[PDB]
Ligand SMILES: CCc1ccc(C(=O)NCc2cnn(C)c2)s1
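Okay, here we've got a single chain as structure tokens, the form solved without the ligand, with questions on binding and movement later.
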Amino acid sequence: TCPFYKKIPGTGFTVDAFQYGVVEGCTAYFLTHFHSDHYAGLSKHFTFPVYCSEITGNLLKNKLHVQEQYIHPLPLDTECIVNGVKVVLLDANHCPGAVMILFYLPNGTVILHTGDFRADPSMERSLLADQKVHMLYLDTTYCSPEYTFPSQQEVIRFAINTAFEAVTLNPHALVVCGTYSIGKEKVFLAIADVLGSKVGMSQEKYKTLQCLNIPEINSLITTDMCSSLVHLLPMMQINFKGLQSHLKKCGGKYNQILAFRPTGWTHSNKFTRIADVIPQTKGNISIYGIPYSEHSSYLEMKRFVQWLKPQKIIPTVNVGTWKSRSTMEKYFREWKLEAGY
């Protein structure tokens, strides 16, 4: 059964609620982004209207085979009527095609559902500037002050400099980057651009990338592994055994691997600056874990909420334990008392 924090009161609408069967009273199912925990349940057999971005809709059609007739793509930053309710989709600064949704209720209440997001001050000059929001359904993934990590731009800087130095010292080094979902494409695209290479990958990942509307993508990626010095592999293969096996397959073209695992936050962020990060190394293989996040830091989250000044907050992440729920409620009250709303 569909949980309460996935229902929009006063509407026929749910958000990211495809794993509960036919939801009672639901006339339209919104999908914030194409990540498996959010789409869990969609297939070619689904027969109700799905509302989403153009990019999410490309992925539903090509990867999940959902039929065209049930896919409703909406433009961003544009007031749209859905089943007699005004809605707007806003860029969530998460993975490609990810959106936040503003719902203008018939009774005058305004709700923002962030989906998954990385809060940014640029959001303060979107269409959110123009009016009051009563209820916020908030991505609370990192809602605790211990969760710190650098900007995406600093992380990319580290990766580009690290790769370029390694391959200039040794023109026979291969670079490998892990992935298990869409998002974080900048990591492998930036490294391949500095090295003057396309990114090589499986047919299945190339297909996913071709759905994402990235400018000049045919110039940046390929399924010919032999012509590429930056390869993508599944995240589960980014370990000493998997990388050794991969290097065997390359037929003596290379004698060293430098590999990156983009993660979210890790406890090594409590101690080490991005500048100081070092790899794990065994023989001719080194692995860097790099903290490239597509979710808000605590500080980013707090700045957004204190600017928005919502009347009520409903968390959508870490909702399963009394300890988590109590912790999040304490921070929301601190934020409200400090800023005076």
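Residue numbers here begin at 1 and follow the sequence given. Each form is matched to the other, and the largest set of C-alpha atoms that superpose within 1.5 Å is called the rigid core.
Across the superposed structures in 9 other deposited structures of this protein, aligned by the core, the stretch whose Cα atoms lie more distant on average is 211-219, chosen from 257-265 and 211-219.
The question of which stretch, 108-116 or 129-137, has the higher mean Cα B factor is settled in favour of 129-137. The mean Cα B-factor in the deposited entry runs higher for 277-285 than for the other of 300-308 and 277-285.
For the set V155, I81, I101, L220, the PDB entry puts the maximum C-alpha B factor at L220. Per the deposited record, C250 carries the highest C-alpha B-factor of all listed residues (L90, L195, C250, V87).
Placement of the Cα temperature factor of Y39 within the chain: middle third of the modelled residues, per the deposited record.
Per-chain ranking of the deposited C-alpha B factor places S122 in the middle third. Per the PDB record, residue ranking by Cα B-factor puts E185 in the lowest third of the chain. Split the chain's modelled residues into thirds by C-alpha temperature factor. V50 is in the middle one. Among all modelled residues in this chain, the alpha-carbon of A173 has a temperature factor (C-alpha) in the middle third.
The protein also exists as the form deposited with the ligand bound; that form is not presented, and the subsequent description refers to it.
This chain appears without its partner; in the deposited bound form, the one residue of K248, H134, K207, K253 with a heavy atom within 4.5 Å of the ligand is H134.
Just one of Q311, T47, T272, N62 comes within 4.5 Å of the ligand in the deposited bound form, counting any heavy atom, and that one is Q311. Figure note: of the listed segments 102-110, 195-203, 222-230, 78-86, the one touching the ligand in the deposited bound form, with heavy atoms no more than 4.5 Å away, is 102-110.
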